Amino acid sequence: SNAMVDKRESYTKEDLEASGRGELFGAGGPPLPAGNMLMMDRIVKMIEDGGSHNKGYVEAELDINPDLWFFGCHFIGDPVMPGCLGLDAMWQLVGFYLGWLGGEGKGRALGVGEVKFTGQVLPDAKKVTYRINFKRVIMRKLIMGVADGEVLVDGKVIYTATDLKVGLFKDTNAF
């Protein structure tokens, strides 16, 4: 277990940038992506016994403005946030939760069971919210999380994902 976790109920943008550098959880813990792969600006809630299965609830936010890098290239003439990046935000939060519980290793998304898109994030939106309900959390020799997730734009559910799966790996030589 990684005893160096700065374990709090919420995290700021500075915390998320520190995580990208490996500083928030310390040397052993999984970093978030940095730069243009970081898909949120804050984590508003982390509740270890919360959510649908009483195994974890995580809520995070991404602030929207028209200049975010992905709007200009996806697509020319038709800006819209890539659904794959909202899905990645949820994978990143699953791995972050495993690190928050003291899990050590590199994060690797393992997949998802089903994703349904029913709406979109346009450049005139204001806020994307990610809500993660953890269903299975293994914190042993194997470190893995299984969760369901939703993406909201300005309070409206637009993506659902069931069976998001992420593991932490001291070594990725099996990949």
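Numbering starts at 1 and follows the sequence shown.
For the pair 47-55 and 134-142, the mean B factor over Cα atoms is greater in 134-142.
Look at the mean CA B-factor for 145-153 and for 104-112 in the entry; the higher one is 104-112.
When all modelled residues of the chain are sorted by CA temperature factor, residue 13 is found within the middle third. Per the PDB record, residue ranking by Cα B-factor puts residue 129 in the lowest third of the chain.
Among the modelled residues of its chain, residue 60 has a C-alpha B-factor that falls in the lowest third according to the deposited record.
Among the modelled residues of its chain, residue 117 has a C-alpha B-factor that falls in the highest third according to the deposited record. In the PDB entry, a CA B factor belonging to the highest third of its chain's modelled residues is recorded for residue 24.
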